[PDB]
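Source file: structure.txt. Holds: compact mmCIF, C-alpha atoms and all ligand atoms.
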# COMPACT_ATOMS: atom_id res chain seq x y z
CA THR N 1 325.09 149.53 -91.92
CA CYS N 2 326.36 152.83 -93.43
CA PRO N 3 327.27 152.80 -97.18
CA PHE N 4 330.70 153.99 -98.42
CA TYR N 5 329.42 157.01 -100.35
CA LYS N 6 328.08 158.56 -97.01
CA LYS N 7 331.45 158.49 -95.21
CA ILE N 8 334.06 161.25 -95.33
CA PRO N 9 337.49 159.52 -95.48
CA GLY N 10 340.03 160.70 -92.92
CA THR N 11 337.42 162.28 -90.58
CA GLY N 12 334.92 161.50 -87.81
CA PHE N 13 332.12 162.68 -90.19
CA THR N 14 328.98 161.41 -91.91
CA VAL N 15 326.58 162.93 -94.35
CA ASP N 16 322.85 162.17 -94.32
CA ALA N 17 323.51 159.02 -92.35
CA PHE N 18 320.91 158.76 -89.61
CA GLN N 19 319.02 155.50 -90.29
CA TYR N 20 321.88 153.14 -89.34
CA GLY N 21 322.02 153.80 -85.59
CA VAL N 22 325.46 154.42 -84.09
CA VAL N 23 327.94 154.78 -87.00
CA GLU N 24 331.25 153.35 -85.74
CA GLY N 25 333.79 156.09 -85.45
CA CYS N 26 331.46 159.09 -86.07
CA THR N 27 331.65 162.23 -83.94
CA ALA N 28 329.68 164.87 -86.00
CA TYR N 29 326.67 163.83 -88.15
CA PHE N 30 325.94 166.27 -91.11
CA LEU N 31 322.42 166.78 -92.69
CA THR N 32 322.37 168.53 -96.12
CA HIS N 33 318.59 169.28 -96.01
CA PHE N 34 315.16 168.38 -94.45
CA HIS N 35 313.86 165.65 -96.77
CA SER N 36 312.69 162.25 -95.40
CA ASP N 37 315.11 159.96 -97.35
CA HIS N 38 317.93 162.09 -95.84
CA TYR N 39 316.89 162.70 -92.19
CA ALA N 40 315.36 159.16 -91.74
CA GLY N 41 316.00 158.02 -88.12
CA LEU N 42 316.29 161.44 -86.40
CA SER N 43 313.96 162.26 -83.47
CA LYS N 44 313.77 163.43 -79.84
CA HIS N 45 315.91 160.47 -78.84
CA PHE N 46 318.93 161.52 -81.07
CA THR N 47 321.95 162.32 -78.85
CA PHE N 48 324.96 163.16 -81.18
CA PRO N 49 325.99 166.61 -82.54
CA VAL N 50 324.00 167.40 -85.74
CA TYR N 51 325.43 169.99 -88.16
CA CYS N 52 323.20 171.72 -90.63
CA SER N 53 321.93 175.08 -91.81
CA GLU N 54 319.72 177.37 -89.67
CA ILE N 55 316.47 176.60 -91.55
CA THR N 56 317.33 172.90 -91.40
CA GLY N 57 317.87 173.37 -87.64
CA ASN N 58 314.41 174.92 -87.19
CA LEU N 59 312.78 171.94 -88.83
CA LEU N 60 314.76 169.62 -86.50
CA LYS N 61 313.74 171.51 -83.34
CA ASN N 62 310.07 171.96 -84.34
CA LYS N 63 309.04 168.98 -86.56
CA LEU N 64 311.16 166.13 -85.14
CA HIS N 65 311.65 167.71 -81.64
CA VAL N 66 315.35 167.03 -81.72
CA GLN N 67 316.79 168.61 -78.60
CA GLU N 68 318.32 172.07 -78.63
CA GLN N 69 321.69 171.06 -77.12
CA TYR N 70 322.38 168.79 -80.15
CA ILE N 71 321.47 171.10 -83.11
CA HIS N 72 324.63 172.92 -84.43
CA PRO N 73 323.56 175.58 -86.92
CA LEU N 74 326.33 176.92 -89.21
CA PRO N 75 326.07 180.01 -91.41
CA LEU N 76 326.72 179.83 -95.18
CA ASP N 77 329.61 180.96 -97.28
CA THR N 78 331.72 180.87 -94.07
CA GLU N 79 334.78 179.00 -92.94
CA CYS N 80 333.97 177.09 -89.74
CA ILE N 81 336.11 174.56 -87.77
CA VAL N 82 334.32 171.36 -86.67
CA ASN N 83 336.32 168.69 -84.74
CA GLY N 84 339.56 170.27 -85.98
CA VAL N 85 338.47 170.43 -89.64
CA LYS N 86 337.55 173.46 -91.86
CA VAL N 87 334.11 173.13 -93.38
CA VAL N 88 332.14 175.47 -95.67
CA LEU N 89 328.31 175.47 -96.39
CA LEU N 90 327.10 176.72 -99.78
CA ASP N 91 323.56 176.99 -101.31
CA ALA N 92 322.43 173.79 -103.00
CA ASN N 93 319.67 175.56 -104.99
CA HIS N 94 317.37 172.65 -104.02
CA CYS N 95 314.64 173.08 -101.30
CA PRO N 96 314.87 175.53 -98.38
CA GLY N 97 317.79 175.05 -95.99
CA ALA N 98 319.49 172.80 -98.55
CA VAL N 99 323.26 172.82 -98.65
CA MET N 100 326.36 171.50 -100.22
CA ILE N 101 329.40 171.02 -98.05
CA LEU N 102 333.08 171.78 -98.59
CA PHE N 103 335.49 169.73 -96.42
CA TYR N 104 339.21 170.71 -96.04
CA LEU N 105 340.94 167.47 -95.02
CA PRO N 106 344.05 167.51 -92.77
CA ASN N 107 346.23 165.87 -95.50
CA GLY N 108 345.40 168.62 -98.10
CA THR N 109 342.60 166.79 -99.92
CA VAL N 110 339.40 168.74 -100.62
CA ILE N 111 335.95 167.24 -100.82
CA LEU N 112 332.67 168.63 -102.21
CA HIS N 113 329.57 166.76 -101.24
CA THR N 114 326.58 168.28 -103.26
CA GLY N 115 323.63 167.02 -101.25
CA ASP N 116 320.70 167.36 -103.54
CA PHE N 117 321.21 170.25 -106.00
CA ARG N 118 320.04 172.13 -109.11
CA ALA N 119 323.35 173.23 -110.56
CA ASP N 120 323.58 176.84 -111.59
CA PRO N 121 326.04 179.00 -113.29
CA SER N 122 325.96 181.24 -110.18
CA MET N 123 327.86 178.42 -108.27
CA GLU N 124 330.88 179.22 -110.42
CA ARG N 125 331.25 182.56 -108.38
CA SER N 126 330.98 181.02 -104.91
CA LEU N 127 333.90 180.02 -102.65
CA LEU N 128 334.41 177.02 -104.99
CA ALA N 129 336.04 179.20 -107.57
CA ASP N 130 339.13 179.88 -105.43
CA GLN N 131 340.45 176.28 -105.59
CA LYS N 132 340.71 172.66 -106.58
CA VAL N 133 338.38 169.77 -105.67
CA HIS N 134 339.98 166.29 -105.57
CA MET N 135 336.67 164.42 -104.88
CA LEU N 136 333.07 165.14 -105.85
CA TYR N 137 330.05 163.38 -104.24
CA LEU N 138 327.43 164.19 -106.87
CA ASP N 139 323.59 164.18 -107.08
CA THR N 140 323.17 162.14 -110.32
CA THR N 141 319.23 162.02 -110.19
CA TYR N 142 318.95 163.23 -113.79
CA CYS N 143 322.40 162.08 -115.18
CA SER N 144 321.12 160.93 -118.65
CA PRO N 145 320.64 163.30 -121.61
CA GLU N 146 316.96 162.51 -122.15
CA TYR N 147 316.26 164.43 -118.85
CA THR N 148 315.24 167.83 -120.16
CA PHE N 149 312.99 170.27 -118.37
CA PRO N 150 312.29 173.98 -118.36
CA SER N 151 313.82 176.59 -116.06
CA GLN N 152 311.89 177.31 -112.84
CA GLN N 153 311.05 180.84 -114.10
CA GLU N 154 309.38 179.34 -117.29
CA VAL N 155 307.29 176.99 -115.19
CA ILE N 156 306.23 179.75 -112.78
CA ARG N 157 305.46 182.06 -115.67
CA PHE N 158 303.09 179.42 -117.10
CA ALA N 159 301.46 178.76 -113.68
CA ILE N 160 300.83 182.49 -112.98
CA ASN N 161 299.39 183.16 -116.46
CA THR N 162 297.15 180.05 -116.34
CA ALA N 163 295.76 180.74 -112.96
CA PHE N 164 295.09 184.51 -113.63
CA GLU N 165 293.21 183.71 -116.85
CA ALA N 166 290.94 181.02 -115.35
CA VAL N 167 290.00 183.16 -112.29
CA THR N 168 289.51 186.42 -114.33
CA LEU N 169 287.20 184.34 -116.62
CA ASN N 170 285.44 182.69 -113.59
CA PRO N 171 285.70 184.74 -110.36
CA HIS N 172 284.01 181.79 -108.55
CA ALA N 173 286.76 179.20 -109.11
CA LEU N 174 289.22 177.73 -106.59
CA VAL N 175 292.86 177.03 -107.28
CA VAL N 176 294.37 174.02 -105.36
CA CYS N 177 298.12 173.08 -105.13
CA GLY N 178 299.80 169.74 -104.22
CA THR N 179 302.60 169.14 -101.68
CA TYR N 180 304.19 166.34 -99.61
CA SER N 181 307.45 167.91 -98.41
CA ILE N 182 309.26 171.20 -98.23
CA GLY N 183 310.49 172.66 -101.64
CA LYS N 184 308.65 174.22 -104.62
CA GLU N 185 306.92 176.87 -102.42
CA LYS N 186 307.22 179.33 -105.31
CA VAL N 187 304.46 177.41 -107.15
CA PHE N 188 301.76 178.46 -104.75
CA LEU N 189 303.29 181.67 -103.42
CA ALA N 190 303.35 183.19 -106.93
CA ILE N 191 299.86 182.05 -107.93
CA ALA N 192 298.52 183.59 -104.63
CA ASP N 193 300.34 186.82 -105.26
CA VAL N 194 298.97 187.32 -108.83
CA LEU N 195 295.43 186.57 -107.44
CA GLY N 196 295.15 188.87 -104.44
CA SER N 197 295.02 185.95 -101.94
CA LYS N 198 296.85 184.44 -98.94
CA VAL N 199 297.47 180.71 -99.17
CA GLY N 200 295.10 178.36 -97.21
CA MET N 201 296.50 175.30 -95.46
CA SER N 202 296.35 172.86 -92.55
CA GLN N 203 297.88 173.35 -89.12
CA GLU N 204 300.76 170.97 -89.86
CA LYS N 205 301.75 172.51 -93.25
CA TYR N 206 301.47 176.03 -91.73
CA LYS N 207 303.95 175.20 -88.95
CA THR N 208 306.30 173.49 -91.47
CA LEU N 209 306.22 176.75 -93.48
CA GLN N 210 306.74 178.94 -90.33
CA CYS N 211 310.23 177.32 -90.07
CA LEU N 212 311.62 178.57 -93.42
CA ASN N 213 312.76 182.26 -92.85
CA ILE N 214 310.65 183.49 -95.75
CA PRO N 215 310.17 187.25 -95.57
CA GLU N 216 306.71 188.78 -95.03
CA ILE N 217 305.32 185.22 -94.54
CA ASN N 218 302.66 186.05 -91.96
CA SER N 219 301.11 188.11 -94.79
CA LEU N 220 301.10 185.12 -97.24
CA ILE N 221 299.72 182.03 -95.52
CA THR N 222 296.86 181.20 -93.26
CA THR N 223 295.02 178.37 -91.53
CA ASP N 224 291.66 180.10 -92.38
CA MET N 225 290.63 178.07 -95.45
CA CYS N 226 287.44 180.09 -95.95
CA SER N 227 289.31 183.35 -96.29
CA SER N 228 291.45 182.02 -99.20
CA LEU N 229 291.12 181.14 -102.89
CA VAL N 230 294.50 179.33 -103.08
CA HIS N 231 294.61 176.10 -101.10
CA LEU N 232 297.28 173.58 -100.31
CA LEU N 233 296.52 169.91 -100.26
CA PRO N 234 298.50 166.71 -99.87
CA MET N 235 299.73 165.48 -103.18
CA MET N 236 297.70 162.27 -103.02
CA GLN N 237 294.44 164.22 -102.97
CA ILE N 238 295.05 165.86 -106.42
CA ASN N 239 292.76 163.51 -108.28
CA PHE N 240 289.15 163.89 -109.46
CA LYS N 241 287.87 162.13 -106.29
CA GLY N 242 290.04 164.04 -103.78
CA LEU N 243 288.99 167.33 -105.30
CA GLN N 244 285.26 166.57 -105.71
CA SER N 245 285.38 165.89 -102.01
CA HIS N 246 287.25 169.07 -101.17
CA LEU N 247 284.91 171.13 -103.38
CA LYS N 248 282.02 170.04 -101.10
CA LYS N 249 283.74 171.27 -97.88
CA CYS N 250 283.76 174.87 -99.19
CA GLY N 251 279.93 175.04 -99.24
CA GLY N 252 278.69 176.58 -102.50
CA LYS N 253 281.48 179.15 -102.59
CA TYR N 254 283.19 177.67 -105.64
CA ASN N 255 281.90 176.09 -108.81
CA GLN N 256 285.24 175.19 -110.44
CA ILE N 257 288.75 173.83 -109.59
CA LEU N 258 292.02 174.25 -111.34
CA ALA N 259 294.74 172.19 -109.65
CA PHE N 260 298.49 172.11 -110.02
CA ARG N 261 300.48 168.91 -109.44
CA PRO N 262 304.14 169.74 -109.25
CA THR N 263 306.02 166.69 -110.40
CA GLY N 264 309.67 166.11 -111.21
CA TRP N 265 310.52 165.03 -114.74
CA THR N 266 308.09 162.89 -116.76
CA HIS N 267 308.51 161.36 -120.33
CA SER N 268 305.95 163.85 -121.85
CA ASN N 269 308.75 166.55 -121.79
CA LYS N 270 310.55 164.67 -124.64
CA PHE N 271 307.84 165.74 -127.11
CA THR N 272 305.82 168.66 -125.68
CA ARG N 273 306.92 172.22 -124.73
CA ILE N 274 306.04 173.96 -121.44
CA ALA N 275 303.93 176.30 -123.56
CA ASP N 276 301.90 173.39 -124.94
CA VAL N 277 300.98 171.72 -121.66
CA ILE N 278 297.30 170.81 -121.42
CA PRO N 279 295.23 169.59 -118.38
CA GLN N 280 293.29 166.48 -117.51
CA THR N 281 289.67 167.61 -117.00
CA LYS N 282 286.61 165.91 -115.53
CA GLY N 283 283.42 168.07 -115.55
CA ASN N 284 284.16 171.28 -113.52
CA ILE N 285 287.61 170.18 -112.19
CA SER N 286 290.92 170.48 -114.07
CA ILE N 287 294.46 169.14 -113.18
CA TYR N 288 297.84 170.43 -114.56
CA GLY N 289 300.93 168.41 -113.89
CA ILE N 290 303.93 170.71 -114.08
CA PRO N 291 307.73 169.80 -114.46
CA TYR N 292 309.03 172.06 -111.68
CA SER N 293 312.41 170.48 -110.96
CA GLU N 294 314.60 171.09 -107.84
CA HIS N 295 317.42 168.74 -109.32
CA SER N 296 320.02 169.51 -112.01
CA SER N 297 318.96 168.55 -115.60
CA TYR N 298 321.63 166.65 -117.52
CA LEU N 299 322.77 169.80 -119.36
CA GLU N 300 323.18 171.75 -116.00
CA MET N 301 325.02 168.89 -114.28
CA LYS N 302 327.52 168.40 -117.08
CA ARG N 303 328.30 172.13 -117.23
CA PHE N 304 329.00 172.22 -113.47
CA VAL N 305 331.27 169.14 -113.50
CA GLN N 306 333.17 170.58 -116.51
CA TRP N 307 333.79 173.92 -114.72
CA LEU N 308 334.67 172.12 -111.41
CA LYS N 309 337.08 169.58 -113.08
CA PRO N 310 337.18 167.02 -110.21
CA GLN N 311 339.80 164.29 -110.10
CA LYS N 312 337.32 161.66 -108.92
CA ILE N 313 333.49 161.51 -109.04
CA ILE N 314 331.37 159.33 -106.76
CA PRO N 315 327.59 159.19 -107.57
CA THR N 316 325.02 159.22 -104.76
CA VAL N 317 321.69 158.60 -106.64
CA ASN N 318 321.03 155.56 -108.98
CA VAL N 319 323.74 153.51 -107.32
CA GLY N 320 321.74 150.20 -107.11
CA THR N 321 322.22 148.62 -110.54
CA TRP N 322 325.12 147.60 -112.74
CA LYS N 323 323.51 149.22 -115.77
CA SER N 324 322.96 152.59 -113.98
CA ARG N 325 326.53 152.79 -112.64
CA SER N 326 327.95 151.77 -116.08
CA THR N 327 325.85 154.46 -117.80
CA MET N 328 327.06 157.19 -115.33
CA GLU N 329 330.77 156.36 -115.64
CA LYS N 330 330.43 156.55 -119.42
CA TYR N 331 329.15 160.14 -119.13
CA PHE N 332 332.00 161.06 -116.64
CA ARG N 333 334.65 159.93 -119.24
CA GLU N 334 333.03 161.77 -122.20
CA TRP N 335 332.84 164.99 -120.08
CA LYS N 336 336.50 164.75 -119.02
CA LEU N 337 337.84 163.95 -122.55
CA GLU N 338 335.80 166.84 -124.01
CA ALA N 339 336.94 169.50 -121.49
CA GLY N 340 340.46 167.95 -121.30
CA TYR N 341 341.08 167.61 -117.57
NI NI N 401 316.01 166.19 -101.67
With the file now loaded, output its structure as structure tokens.
Amino acid sequence: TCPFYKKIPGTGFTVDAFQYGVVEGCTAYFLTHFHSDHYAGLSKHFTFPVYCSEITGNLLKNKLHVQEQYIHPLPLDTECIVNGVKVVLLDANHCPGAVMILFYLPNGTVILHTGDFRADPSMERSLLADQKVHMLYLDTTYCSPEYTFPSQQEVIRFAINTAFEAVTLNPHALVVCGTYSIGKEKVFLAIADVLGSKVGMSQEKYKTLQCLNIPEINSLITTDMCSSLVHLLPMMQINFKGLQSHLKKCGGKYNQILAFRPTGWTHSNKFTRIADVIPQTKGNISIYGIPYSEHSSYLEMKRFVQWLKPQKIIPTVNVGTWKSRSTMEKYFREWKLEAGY
């Protein structure tokens, strides 16, 4: 049964609410982005109108084989009427296709649901800037001040420089990169660009990536593993054993592996700088774990809520415990007192 923080009050609308079967009183189901926690339940036997972005729609048609008559793609930064109500889609600065949604309720109330997001000062010059938000449904994944990480550009900087140095020192090494889902494609697209290579990958990852409207993409990725010195692998293979095993498949082409595990936040960030990050190494194989976040840090989150000045905030991540809720409400009150709204 559908939780309260996935219902839009005063409408026939739900948000990322697909795993509960037939939601009583729902006429238009919304999907913020193509990640498994959010789409769980969708398939070729889904028969209600789904609203989403274009890219999200491609992933529904091609990866879940949801039928074409039910996918309603909506363009961004655009006022659209759905079941008598004005919606707007804005960039979530998360993974590809990821949106936030602005709902204009018939009784004058105005709701922002954030989906998943990495807050950015650029969001302060979107269509949000024109007006007031009475309720905010907020991705609170890193809502505690100990959650610090670098900017995406610092992380990619470090990944480029690392990879170009190792391969200029050893022209016979292979670079591998981890993935489970969509998102973080810059990790491997930038490493492959500094290095002269296309990216090598499986048939399933290649077709996921063919859904994402990335320009010049046919020139960047391939299913021919042998032609490539950057390779994509499932995240669970980025371990000494998984790699050893992959190094054998390549057949005396490479004699060294440098691997990148993109993680979210991890405790080591509290003490060490991006600059100072060091690998695990066994013999001829090395693994870097890198804090490439697609979620707001604490500092980013707070800044966005203070510019937005909502009347009421409802969290959507970390909702399960009394101690987590209590913690999050304490930061909402400090933010509000400080900015004075
Ligand atoms: Ni997500």
_Please report the interatomic distance between CA of residue 267 (chain N) and CA of residue 150 (chain N) in Å with one decimal._
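One can read the CA of residue 267 (chain N) to CA of residue 150 (chain N) distance as 13.3 Å.
Compared by their closest atoms to residue 85 (chain N), and using only C-alpha atoms, the residues N:15, N:134, N:174, N:110 rank with N:110 nearest.
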*Given the choices N:155, N:119, N:308, N:52, which gets closest to residue 274 (chain N) if the distance is worked out from all atoms listed in the file?*
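Of N:155, N:119, N:308, N:52, the one nearest residue 274 (chain N) is N:155, counting all atoms listed in the file.
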Please report, as a tab-separated table, each residue of chain N lying at most 9 Å from ligand NI 401 (chain N), together with the nearest pair of atoms and the separation in Å rounded to one decimal; use all atoms listed in the file, and order rows by chain and ascending residue number.
residue	atom	partner	partner_atom	distance
N:32	CA	N:NI401	NI	8.8
N:33	CA	N:NI401	NI	6.9
N:34	CA	N:NI401	NI	7.6
N:35	CA	N:NI401	NI	5.4
N:36	CA	N:NI401	NI	8.1
N:37	CA	N:NI401	NI	7.6
N:38	CA	N:NI401	NI	7.4
N:94	CA	N:NI401	NI	7.0
N:95	CA	N:NI401	NI	7.0
N:98	CA	N:NI401	NI	8.1
N:115	CA	N:NI401	NI	7.7
N:116	CA	N:NI401	NI	5.2
N:117	CA	N:NI401	NI	7.9
N:183	CA	N:NI401	NI	8.5
N:294	CA	N:NI401	NI	8.0
N:295	CA	N:NI401	NI	8.2
*Mind pulling up the distance from CA of residue 318 (chain N) to CA of residue 20 (chain N)?*
19.8 Å
*asked:* Taking all atoms listed in the file into account, name the residue in N:125, N:207, N:336, N:63 that is nearest to residue 39 (chain N).
replied: N:63
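Shortest atom-to-atom contact with residue 312 (chain N) among N:48, N:142, N:292, N:332: N:332, counting all atoms listed in the file.
Compared by their closest atoms to residue 224 (chain N), and using all atoms listed in the file, the residues N:199, N:337, N:211, N:173 rank with N:199 nearest.
The smallest atom-to-atom distance between residue 170 (chain N) and any of N:258, N:59, N:66, N:76, using only C-alpha atoms, is found for N:258.
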*Could you jot down the CA of residue 208 (chain N) to CA of residue 230 (chain N) separation for me, Å, one decimal place?*
17.6 Å
*Which polymer residues have any atom within 9 Å of an atom of residue 120 (chain N), counting all atoms listed in the file, with same-chain residues fewer than 3 positions away left out, as a PyMOL selection string?*
chain N and resi 93+117+123-124+296+300-301+303-304
*Counting only C-alpha atoms, note down every residue that has an atom within 8 Å of the point (296.0, 181.4, -100.7) (file coordinates), as JSON, numbers by chain.*
{"N": [188, 189, 192, 197, 198, 199, 200, 220, 221, 222, 228, 229, 230, 231, 232]}
